[PDB]
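Coming up is one lone chain in structure tokens, specifically the form deposited in one PDB entry.
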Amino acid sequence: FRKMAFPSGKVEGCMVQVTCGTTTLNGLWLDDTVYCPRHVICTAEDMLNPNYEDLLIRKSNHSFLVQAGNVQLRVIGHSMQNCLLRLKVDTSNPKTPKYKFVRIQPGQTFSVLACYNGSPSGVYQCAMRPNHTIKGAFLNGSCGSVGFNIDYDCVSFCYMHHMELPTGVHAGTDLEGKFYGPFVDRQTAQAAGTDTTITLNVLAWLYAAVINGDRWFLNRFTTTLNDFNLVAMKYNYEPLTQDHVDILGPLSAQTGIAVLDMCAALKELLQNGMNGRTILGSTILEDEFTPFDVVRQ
């Protein structure tokens, strides 16, 4: 089970790769400026406690290699803007669209173009969590990928990938290099409260299993929002409200299974083990996919 692999869109031609030292991450090539996370200029040791103003001082134009497929873009200038590294190149991207930069909020759905080894691997739909992190396996290894919205003729860039947290959740900035949430580009222990499981998604994913063969976890038990939330608080699941039950409306209608009886299925799935059994070819309960991602059957 995956999110839908949307076509790379207009942004495909904006994606480049930047190399400093022995690190390579994705960049965004608009006009004659390349943007990428500033932590590219860091070695592993630097990342522990970096003075970015001092480290850039020990760098020049030649420290960077900008790669557009098998084409090189000569670096003619470098500067720093917050957590973004800015690179002046000697030609402008002929495919630069009509674009604006903007800061968004959690809840807002935007499109992220993925990359495997710096190679645009289709666009993905997503939104930032209330804690400003992103859940999305498609971003694993895909450092430097940008988020955007295509509104009419305009491309509104709102996000750039910086950090993967050990909890499998992703931190980033807007296109001014300002981090969403309290996160920083210097690897420390900053994953507190970032690994509490989203309940709405698990249920939605369990519904995705029902109308797809897997049914073994369905039970003849009853639970209230109250008695479930006590179980939810025990196993570090987000408290389930009425809004979330209202979201799962059409999903419960298609399956015929009641929402609270689906929670009773989840309760026993959490209180018991999973015996090495499988739900949608998975041994772990997934919370990566929103109910809207299940509106894709």
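In this text, residue numbers run from 1 along the sequence as written.
When the C-alpha B-factors of 206 to 214 and 153 to 161 are averaged, 206 to 214 comes out higher.
The stretch 258 to 266 shows the higher mean C-alpha B-factor when 258 to 266 is compared against 47 to 55 in the entry.
Highest C-alpha temperature factor among 36, 253, 42, 65 per the entry: 253. Per the deposited coordinates, the residue with the largest Cα temperature factor out of 72, 197, 187, 219 is 219. In the PDB entry, residue 173 places in the lowest third of its chain by CA B-factor. For residue 274, the recorded CA B-factor ranks within the highest third of the chain. Only modelled residues enter the ranking. Looking at the C-alpha B-factors along this chain, the one for residue 281 belongs to the highest third. Residue 229: CA B factor in the highest third of modelled residues in this chain (values from the PDB entry). Per the PDB record, residue ranking by Cα B-factor puts residue 223 in the highest third of the chain.
As for the form deposited with a small molecule bound, it is not shown, yet the points below apply to it.
Scanning 197, 119, 82, 140 against the small molecule in the bound PDB entry with a 4.5 Å heavy atom cut-off leaves one residue, 140. Shown without its partner, this chain lists 165, 150, 225, 211 as candidates; in the bound PDB entry, only 165 has a non-hydrogen atom within 4.5 angstroms of the small molecule.
Looking at residue 188, you'd find a heavy atom of it within 4.5 angstroms of the small molecule in the bound PDB entry. Interface membership of residue 237, defined by any non-hydrogen atom within 4.5 Å of the small molecule in the bound PDB entry, is ruled out. For the chain shown alone, residue 64 is not a contact residue for the small molecule in the bound PDB entry, no non-hydrogen atom being within 4.5 angstroms.
Interface membership of residue 268, defined by any non-hydrogen atom within 4.5 Å of the small molecule in the bound PDB entry, is ruled out. Partner proximity in the bound PDB entry, defined as non-hydrogen atoms within 4.5 angstroms of the small molecule, places exactly one of 142 to 150, 92 to 100, 199 to 207, 69 to 77 at the interface: 142 to 150.
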